[PDB]
Each structure stands twice: as structure tokens, then as C-alpha cells.
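Peer 1: Can you keep this structure in mind? I'll have questions shortly.
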Amino acid sequence: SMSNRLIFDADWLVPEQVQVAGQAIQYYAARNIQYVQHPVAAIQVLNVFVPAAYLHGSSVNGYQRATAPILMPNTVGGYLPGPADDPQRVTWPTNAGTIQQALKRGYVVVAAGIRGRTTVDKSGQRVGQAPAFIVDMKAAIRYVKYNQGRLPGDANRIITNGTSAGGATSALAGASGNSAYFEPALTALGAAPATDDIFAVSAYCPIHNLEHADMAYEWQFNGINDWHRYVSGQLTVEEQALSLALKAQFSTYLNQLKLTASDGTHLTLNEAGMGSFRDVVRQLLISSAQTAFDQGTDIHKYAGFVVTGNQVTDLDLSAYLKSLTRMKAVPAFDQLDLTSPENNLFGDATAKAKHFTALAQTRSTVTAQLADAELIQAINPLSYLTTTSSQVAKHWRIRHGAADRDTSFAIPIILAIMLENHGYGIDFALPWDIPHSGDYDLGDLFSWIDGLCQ
Ligand SMILES: [Hg+2]
Ligand SMILES: [Hg+2]
């Protein structure tokens, strides 16, 4: 209620310790802080974790109570609800290991609980579909920033982190700082009166750009007709038909983005999906393989790589993709029968699911409505990156595994290039033979974070 003043009190922080493989990490914890005045669901609380040194007027890794980065990791995947995380958490989903390590590194951690597509209110009504996920994320950020003087850590040093849909969440938070679109929702919730722009973005396999993900997925995977996920199926003739068309539309969609390489060239595709853009994707995968190759990895686990001497000199992209195989059916995101996580994400309190593309709406196999166009745009990070603003984070780190079939490589790549083209800081890679996952590279994420702030 309005009785909740959203004022953090450091006296709430209580001492805890966790074993970190070979070390005891000392920290303080304050849990279950209601970060808005009018929450609609029990999941909307946040946890705060602070390196113990900061309660003692002491230091960690060059950081102190006033200056420490604030890592804001989330637990969201598949656009499902993400519970407030905890270094003591053993229940799925959780990044407790990442949190333990962040604390060891001197970062303040604010782990906020986030509504998702299956979330219901006290009346059994759905309250977690779009744009619930990002509203909650923003509200948590506002709580932190409103509480700058009282919450340990520098509120101007907030760095979000997430994997998959959580990566999209992290990316959207960075792109959309202080967007007016979300104001009515944040006001209806009674969020803290503060800004929600952040300092830096960490994103693993962000599942974003949903309205173009079907085109990208088929551009990558057309010609490979069996799919295998969690079960192993084969594409029907209808799906093969939709696939070939979806692939072609991607070229049109890609060319008009006017993406540029470092030399300033327009990155493009022809009617067959071949061209300088495809070449860029290939080079990032070659680069990925070389790094792995240099470490003594057997890259011929997958097909297509050409090795000359000690160098990966080329790659048969089609052979590689064939060996990697195919995870999702067609369309991969906007299912004609509305059965995808994203369909459900775009539903609302009346409709369990909606389409989010004209093609899938036109070809729907069930009665359906199309999601509001403004909403689709609003939850796409690219929407905010057509320009250089203050509200967009300056620093980005994006990772998508080179063995990851949850979305086309083109999706995170487009994001990275757009960020580069519009002058934002962007650190991008496709780490070799990494599955659907995140936080497997903390030494590098933390060195990157330290690089921005020290
Ligand atoms: Hg992934
Ligand atoms: Hg700093």
C-alpha cells in the first residue's frame, strides 16, 4: 500500500557467509523488500546482498560502500516468472553461483523478482504477460536509484545481467531508460519516484527482436528439415513452405536496417540470403573456432571448418549448421497455433496468447488476435537504438554460444552491430561450443565490469 515508503534501511542487512570453492565469502543480506507500493503478485520483492567489508568502512577489489557496482542479475527464462535470487538458493531457476562470485568481487547485488507469463494475481487473473517483465525490472532499478544514499553501492553503476529471455530483459533495461511508454504502468504500481536508466548491460543469448526472430531462424535453418529439442521431429510440407518464405523475407528485413561494418560498408543479403552480412556471421564463428582451436580444442566436433596449418581459414556455414542441427519448428517463435512461450508472453488477461507478426496472424491455425503494435515495438531493444541518447546505456557486453540454437546467430549480431553503428560501447562474441546458458565466463564478465569502473 501507500504505507510503504520504499525507503531502504541498512540496518536491515544481516550477516551471512557462503563457501566459495576454496574460500569463505562474508556478506550481508536483506530479503523480501517490496519494491513497489501496489504490487499485484507475491513474486515482486527484491533481495539485497552486500560485501561484508562495506559495513565495516573497508574495501573489496578497489571498491567500497559508496562506489561499488550494483549488479542486478535476473532469473528470467522462457519469459517465465523470475524469482528474487539468493546466494543461498538451490532451487531452479537460480544464479546463486554468480551471486557468490559477484560478492567475492566486491559488487553489491540486487536480485529482483520479476513477473512472467504464468503469473496470476490474488483473483487468479493473469498479471505477468507483456510488458510485465520489463516494468518490474525498471521498478526494481527505480527502487535502487531512489535509495542511492542508503543502499550500499553506486546507483549510477548499475549493471544488469541475464540469460535468454532474461538477456532480453537486461538488454531492454539498457536500451529503454526513462522511456515514457512505461510510465503509466510504473505509476499504477507505485514504483519509487526515480529514473531507470542504467550504466552497463550484460546479456547472454538475449531472446529479443521477437517480431523478426522467425525470419532470422529460417534464414539460418532452412534446408534442415528435422528438429530436435525438449523430443526429435521432422518438418512437414507446410512448415517447409513457410520456412522458405520466412528465409526470403529476412533478406528484405536485413537490408533496410542499413547495418554497417567497421569500414562503413552496407551489410546486405541477396534474394538467396547470401552476401556480406552472411559473411560477417561466418567470420564471428571462424573467430570463435580459432580461439577454441588455440586452446587445444577439437573444432572438428562440428562439420564445415577449414583448417590450414594453425589457422581456421574458412568455414562451410551450411555444413556447420547441419551438424549443429535445429531446435525449433516453424515458425520458431510465432507459432501458428499459438503454442510458443512468446505467444503466451504476448497474451493478456483475456487472451492466453497472441500472434506478433503479420505472417503468423494471416496463416493462423487457431482463432487469434495480433498483439498491439506499440507493445511489440516497446519490448524490442532495437527500437531505442535508432539514435544516440543519454537514456541508453553506454556499455554493452553480449554473448551467444557458437553451439546455441535457441535463436539465430543473426539476432544478437544485429543488436551488437546496431549498438556499434550508433556509437555505444559493445563487446561481443560467440564463445565456442557453449549451450543455452550464461555466466560460464565470469572472469571475463568481471574484468569487463572492472574495466568500466576503476
Ligand atoms: Hg543460449
Ligand atoms: Hg567504481
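Labels for the C-alpha cells follow display order: chains A, B, ..., residues from 1 in each chain, ligands from 1.
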Could you produce a table of the residues of chain A lying within 9 Å of ligand 1, with the nearest pair of atoms per residue and their separation in Å rounded to one decimal, using only C-alpha atoms and all ligand atoms, ordered by chain and increasing residue number, as a tab-separated table?
Peer 2:
residue	atom	partner	partner_atom_place_in_ligand_line	distance
A:163	CA	ligand 1	1 (Hg)	7.3
A:164	CA	ligand 1	1 (Hg)	6.2
A:204	CA	ligand 1	1 (Hg)	6.9
A:205	CA	ligand 1	1 (Hg)	4.7
A:206	CA	ligand 1	1 (Hg)	7.9
A:207	CA	ligand 1	1 (Hg)	8.6
A:399	CA	ligand 1	1 (Hg)	8.6
A:400	CA	ligand 1	1 (Hg)	5.8
A:401	CA	ligand 1	1 (Hg)	5.9
A:402	CA	ligand 1	1 (Hg)	8.7
A:403	CA	ligand 1	1 (Hg)	8.1
A:404	CA	ligand 1	1 (Hg)	4.8
A:405	CA	ligand 1	1 (Hg)	6.9
A:406	CA	ligand 1	1 (Hg)	5.7
A:407	CA	ligand 1	1 (Hg)	7.6
A:434	CA	ligand 1	1 (Hg)	7.5
A:435	CA	ligand 1	1 (Hg)	5.6
A:436	CA	ligand 1	1 (Hg)	3.1
A:437	CA	ligand 1	1 (Hg)	4.9
A:438	CA	ligand 1	1 (Hg)	7.3
Peer 1: Which residues of chain A have any atom within 12 Å of an atom in ligand 2 when counting only C-alpha atoms and all ligand atoms, and what is the closest pair of atoms for each, with the distance in Å to one decimal? Order the rows by chain and rising number and write it as a tab-separated table.
Peer 2:
residue	atom	partner	partner_atom_place_in_ligand_line	distance
A:59	CA	ligand 2	1 (Hg)	11.7
A:60	CA	ligand 2	1 (Hg)	11.0
A:61	CA	ligand 2	1 (Hg)	9.9
A:62	CA	ligand 2	1 (Hg)	7.9
A:63	CA	ligand 2	1 (Hg)	6.2
A:64	CA	ligand 2	1 (Hg)	8.3
A:65	CA	ligand 2	1 (Hg)	10.2
A:66	CA	ligand 2	1 (Hg)	8.7
A:67	CA	ligand 2	1 (Hg)	4.9
A:68	CA	ligand 2	1 (Hg)	5.6
A:69	CA	ligand 2	1 (Hg)	6.3
A:70	CA	ligand 2	1 (Hg)	10.0
A:106	CA	ligand 2	1 (Hg)	10.3
A:107	CA	ligand 2	1 (Hg)	9.8
A:108	CA	ligand 2	1 (Hg)	11.5
A:153	CA	ligand 2	1 (Hg)	9.1
A:154	CA	ligand 2	1 (Hg)	7.7
A:155	CA	ligand 2	1 (Hg)	10.7
A:156	CA	ligand 2	1 (Hg)	9.6
A:157	CA	ligand 2	1 (Hg)	7.4
A:158	CA	ligand 2	1 (Hg)	10.7
A:159	CA	ligand 2	1 (Hg)	12.0
A:199	CA	ligand 2	1 (Hg)	11.3
A:449	CA	ligand 2	1 (Hg)	9.4
A:450	CA	ligand 2	1 (Hg)	7.7
A:451	CA	ligand 2	1 (Hg)	9.4
A:452	CA	ligand 2	1 (Hg)	7.9
A:453	CA	ligand 2	1 (Hg)	4.2
A:454	CA	ligand 2	1 (Hg)	5.0
Peer 1: If I take atom CA of residue A:142 and atom CA of residue A:198, how far is one from the other in Å, to one decimal?
Peer 2: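 These two atoms are separated by 10.0 Å.
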Peer 1: Output as JSON, numbers by chain all residues of stretch 147-252 of chain A that backbone DSSP marks as alpha helix (DSSP H).
Peer 2: {"A": [165, 166, 167, 168, 169, 170, 171, 172, 173, 174, 175, 183, 184, 185, 186, 187, 188, 189, 210, 211, 212, 213, 214, 215, 216, 217, 218, 219, 220, 221, 237, 238, 239, 240, 241, 242, 243, 244, 245, 246, 247, 248, 249, 250, 251, 252]}
Peer 1: With 7 Å as the cut-off and only C-alpha atoms counted, what is the closest atom pair between each nearby residue of stretch 364-453 of chain A and stretch 285-304 of chain A? Distances in Å to one decimal, ordered by chain and number, as JSON lines.
Peer 2:
{"residue": "A:402", "atom": "CA", "partner": "A:285", "partner_atom": "CA", "distance": 6.6}
{"residue": "A:430", "atom": "CA", "partner": "A:288", "partner_atom": "CA", "distance": 5.9}
{"residue": "A:431", "atom": "CA", "partner": "A:288", "partner_atom": "CA", "distance": 5.9}
{"residue": "A:432", "atom": "CA", "partner": "A:288", "partner_atom": "CA", "distance": 5.5}
Peer 1: Those selected residues, please, written with N, CA, C and O atoms and delivered as a PDB file, in the first residue's frame.
Peer 2:
ATOM      1  N   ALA A 402      28.407 -20.376 -29.622  1.00  0.00           N
ATOM      2  CA  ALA A 402      28.523 -20.768 -31.023  1.00  0.00           C
ATOM      3  C   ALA A 402      27.797 -22.069 -31.376  1.00  0.00           C
ATOM      4  O   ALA A 402      27.612 -22.389 -32.547  1.00  0.00           O
ATOM      5  N   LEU A 430      30.909 -15.001 -29.787  1.00  0.00           N
ATOM      6  CA  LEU A 430      30.191 -16.260 -29.783  1.00  0.00           C
ATOM      7  C   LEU A 430      31.103 -17.320 -29.192  1.00  0.00           C
ATOM      8  O   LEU A 430      31.818 -18.001 -29.924  1.00  0.00           O
ATOM      9  N   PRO A 431      31.082 -17.472 -27.863  1.00  0.00           N
ATOM     10  CA  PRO A 431      32.030 -18.393 -27.229  1.00  0.00           C
ATOM     11  C   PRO A 431      31.819 -19.815 -27.739  1.00  0.00           C
ATOM     12  O   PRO A 431      30.676 -20.262 -27.844  1.00  0.00           O
ATOM     13  N   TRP A 432      32.906 -20.502 -28.072  1.00  0.00           N
ATOM     14  CA  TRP A 432      32.835 -21.836 -28.675  1.00  0.00           C
ATOM     15  C   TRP A 432      32.112 -22.926 -27.900  1.00  0.00           C
ATOM     16  O   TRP A 432      32.342 -23.114 -26.706  1.00  0.00           O
TER      17      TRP A 432
END
Peer 1: Using only C-alpha atoms, tabulate the residues of stretch 291-350 of chain A lying at most 10 Å from any atom of stretch 224-230 of chain A, each with its closest atom pair and that distance in Å to one decimal, by chain and increasing residue number, as a Markdown table.
Peer 2:
| residue | atom | partner | partner_atom | distance |
| --- | --- | --- | --- | --- |
| A:318 | CA | A:224 | CA | 9.3 |
| A:321 | CA | A:224 | CA | 8.3 |
| A:322 | CA | A:224 | CA | 6.4 |
| A:323 | CA | A:224 | CA | 9.7 |
| A:325 | CA | A:227 | CA | 7.1 |
| A:326 | CA | A:227 | CA | 4.7 |
| A:327 | CA | A:228 | CA | 4.9 |
| A:328 | CA | A:227 | CA | 6.1 |
| A:329 | CA | A:227 | CA | 6.3 |
| A:330 | CA | A:227 | CA | 9.6 |
Peer 1: Near stretch 181-194 of chain A, counting only C-alpha atoms, which residues have an atom at most 8 Å away, once you skip same-chain residues fewer than 6 positions from it, shown as a PyMOL selection string?
Peer 2: chain A and resi 2+6+35-40+135+139+142-143+145-146+378
